[PDB]
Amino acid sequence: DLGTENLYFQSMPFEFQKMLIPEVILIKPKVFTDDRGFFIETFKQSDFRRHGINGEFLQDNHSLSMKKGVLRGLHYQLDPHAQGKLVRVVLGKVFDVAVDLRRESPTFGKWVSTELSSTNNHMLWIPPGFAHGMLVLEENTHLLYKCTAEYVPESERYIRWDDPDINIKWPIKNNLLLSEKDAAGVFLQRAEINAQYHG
């Protein structure tokens, strides 16, 4: 096999890029274009585990946001129910944010962001101990999540999207559409957090 001699080069199906908080990973899957559309391998356990994305994905969720300006977050589940999340957008576009909420983390309360869209087909890995938020930038946006842990309603916590300590620079700040739970999120200084940093 010519590949085994390194004389024939075949691309792996993903590019993994560590973000400035390096446990957060941007994944760029290959779009295979054919005469009737495209095919994307969006997840392969062997490749993902080789890049430190560990755990079993026990739950998948699908949200549709009809209007630009929908904002969902900041969301996390208390230990022992913390969800690692693989986030992607099958239609539309979001500004996606990951916030480090691991006690004793040198990047506690820090965040990174990226645009996930149906145009780029990018995916974000948000490890356990992080909160997720998203702002919808296009109508009819469909977000898909793979989660490590199953949903546990009593473990769910909410931090205010515009918390002034986290100070996320959201590209839109007026006429946002928030759920009642999200409108009522707590400020970081009063948030209940039990996730611990482990190096």
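Numbers follow the displayed sequence, beginning with 1.
Look at the C-alpha B-factors of 104-112 and of 87-95. On average they run higher in 104-112. Between the stretches 129-137 and 147-155, it is 147-155 that shows the larger average CA temperature factor.
Comparing C-alpha B-factors across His62, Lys44, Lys173, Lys30 in the deposited entry, the largest value falls on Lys173. In the PDB entry, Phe9 places in the highest third of its chain by CA B-factor.
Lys68 sits in the highest third of its chain by CA B factor, as recorded in the PDB entry. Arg50: CA B factor in the highest third of modelled residues in this chain (values from the PDB entry).
In this PDB entry, the Cα temperature factor of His122 sits in the bottom third of its chain's modelled residues, the lowest group.
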